Every structure is written in structure tokens, then in C-alpha cells.
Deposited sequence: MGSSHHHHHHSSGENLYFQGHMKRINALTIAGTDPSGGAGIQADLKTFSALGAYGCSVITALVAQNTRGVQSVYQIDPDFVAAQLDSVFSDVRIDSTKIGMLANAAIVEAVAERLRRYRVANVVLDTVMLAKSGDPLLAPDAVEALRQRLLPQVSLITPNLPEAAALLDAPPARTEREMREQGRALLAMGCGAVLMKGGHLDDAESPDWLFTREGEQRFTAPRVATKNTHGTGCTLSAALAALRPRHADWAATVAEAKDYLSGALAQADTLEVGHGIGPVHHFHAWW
């Protein structure tokens, strides 16, 4: 197997359950070399006030992109708009192949101009978004989907909006055993039942997003 360098750009999790820590563990478990850029603090009550220097994120980006070839990148929480701009500009200049964006910033405290910058500058540089029902609804400015039919309608609308690929996570569906739906130019796939990092790490080892999502769900199952 060839060397795959995966980069996670997300919040730090002091407990290690999520954030760049869990992303790096997932990268290593799936046979990829992991780099990380901390851009926020993952929430655990509410959070206390803090800020992230965009120059701190920029120095981290200098370190990663001067040293190794980045094959794929997961993106999570970004604390402010300047950080969004810096991430989008670096990904544009280096043309990272597979960018999976966890849309946690949607439907969530955080600055609204950060979400605006995400819409304007970062989404063009993203190969795949993995929104849940509230995040997809906020991204389309539409009522949240209640059925699989509405999920597929919204996934097709997101594809038409410009996204290269969408993985609509249906867990918020009122029906138990909620499926995920993958929408790409090659079609639509239903999936039955960490995730963004697994997708980023596994995408180079496949020819499409469908097999990538399949193997990622298999790993996340056991």
C-alpha cells in the first residue's frame, strides 16, 4: 500500500473522544499518516469564551504544507472567519485532492461571518460534505427533511448547488435504523447502520466515494 498523508483541520478535544485527537487515531487505524491543525475547541453546560489567533492556524498550516504531501483533508469546526479564509486559501493553493468537510459549523456562540466565509470560500475547495438533517437544511435554507424522499430531494438540491458529493446522515430521522444517503454525479446510494476522518483516510484507496463510504462504515461497525 502506498503512503497516504491525511490532514485533519478541526477543534481540539481535551478528552480525546472527538476533534483532531480522534481524527488522528482514526487516520492511524486506517493505515494513513496523520497531520493536524487545531482551529477551535470542541464542546463537551455551555463553553467559556476564548479565541483562536488566525496567525496560529497559519503557522500550523506553514508547518504541515512545507513538510509533507497532503493527499486528503478532513475539516471540522473553524472558530472564526479569518481561519476559514486561511484554510480555504491554503487548500486552493495546494489543491488538496480529497477534502471532506464536516458541516458542524452549520446549524450551531460562533460568528455568523464565519459561516458566511465557509459558504463563500471553503465550499468550492471541498470534495465532500457530510451534513446531518439540520446542517443540510441550514445549507439549503429549507425546512429539515422528515422522510427519506425529502432527504434525497435535499441531497439532489445540494448536488445542483455545486457540491461534488454529499453524504446526508439520516440519524436525525424520526424512524429508528436511520440510513445515510450518498449523492454523487455517478448517482445515489443508501447505507444502513471518526466518520469524516475515516472518509478522508480511505478515499485515496478507492476509485469512488461509494466504496469509500462502504469501507468506512464497515470499520466504524466492527
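Visitor: In sequence order, name the stretches of the deposited sequence that have no C-alpha in these coordinates.
Guide: According to the record, the gaps fall at 1-21, 66-68, 133-136, 222-234, 264-287.
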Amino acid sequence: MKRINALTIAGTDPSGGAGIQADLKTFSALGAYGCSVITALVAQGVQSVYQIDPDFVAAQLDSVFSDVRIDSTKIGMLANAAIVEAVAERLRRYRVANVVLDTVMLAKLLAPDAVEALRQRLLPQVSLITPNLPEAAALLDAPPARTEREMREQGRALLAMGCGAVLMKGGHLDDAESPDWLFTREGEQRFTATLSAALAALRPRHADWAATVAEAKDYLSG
From here on, numbers count along this sequence of modelled residues.
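Visitor: Which is higher on mean Cα B factor in this entry, 57-65 or 158-166?
Guide: Averaged over C-alpha atoms, the B-factors run higher in 158-166.
Visitor: Would you mind comparing 145-153 and 91-99 for me and telling me which has the higher average C-alpha temperature factor in the entry?
Guide: Going by the record's values, the stretch with the higher mean is 145-153.
Visitor: Quiz for you: based on the deposited Cα B-factor, which of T39, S36, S196, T192 is highest?
Guide: It is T192.
Visitor: Based on the PDB record, which member of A137, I129, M77, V84 exhibits the highest Cα temperature factor?
Guide: Among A137, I129, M77, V84, the PDB entry lists the largest C-alpha B-factor for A137.
Visitor: Taking the values exactly as deposited, rank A201 by C-alpha B-factor within its chain and report the matching third: lowest, middle or highest.
Guide: As the PDB entry reports it, the C-alpha B-factor of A201 lands in the middle third of its chain.
Visitor: Is the Cα B-factor recorded for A107 in the lowest, middle or highest third of its chain?
Guide: Within its chain, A107 is a highest-third residue by C-alpha B-factor, going by the deposited values.
Visitor: Is the Cα B-factor recorded for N5 in the lowest, middle or highest third of its chain?
Guide: Middle third - that is where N5 ends up once the chain's C-alpha B-factors are sorted.
Visitor: Rank-wise, by C-alpha B-factor, drop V46 into the lowest, middle or highest third of its chain.
Guide: CA B-factor rank for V46: highest third.
Visitor: Based on the deposited C-alpha B factors for this chain, I'd like to know if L30 is in the lowest, middle or highest third.
Guide: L30: CA B-factor falls in the middle third of its chain.
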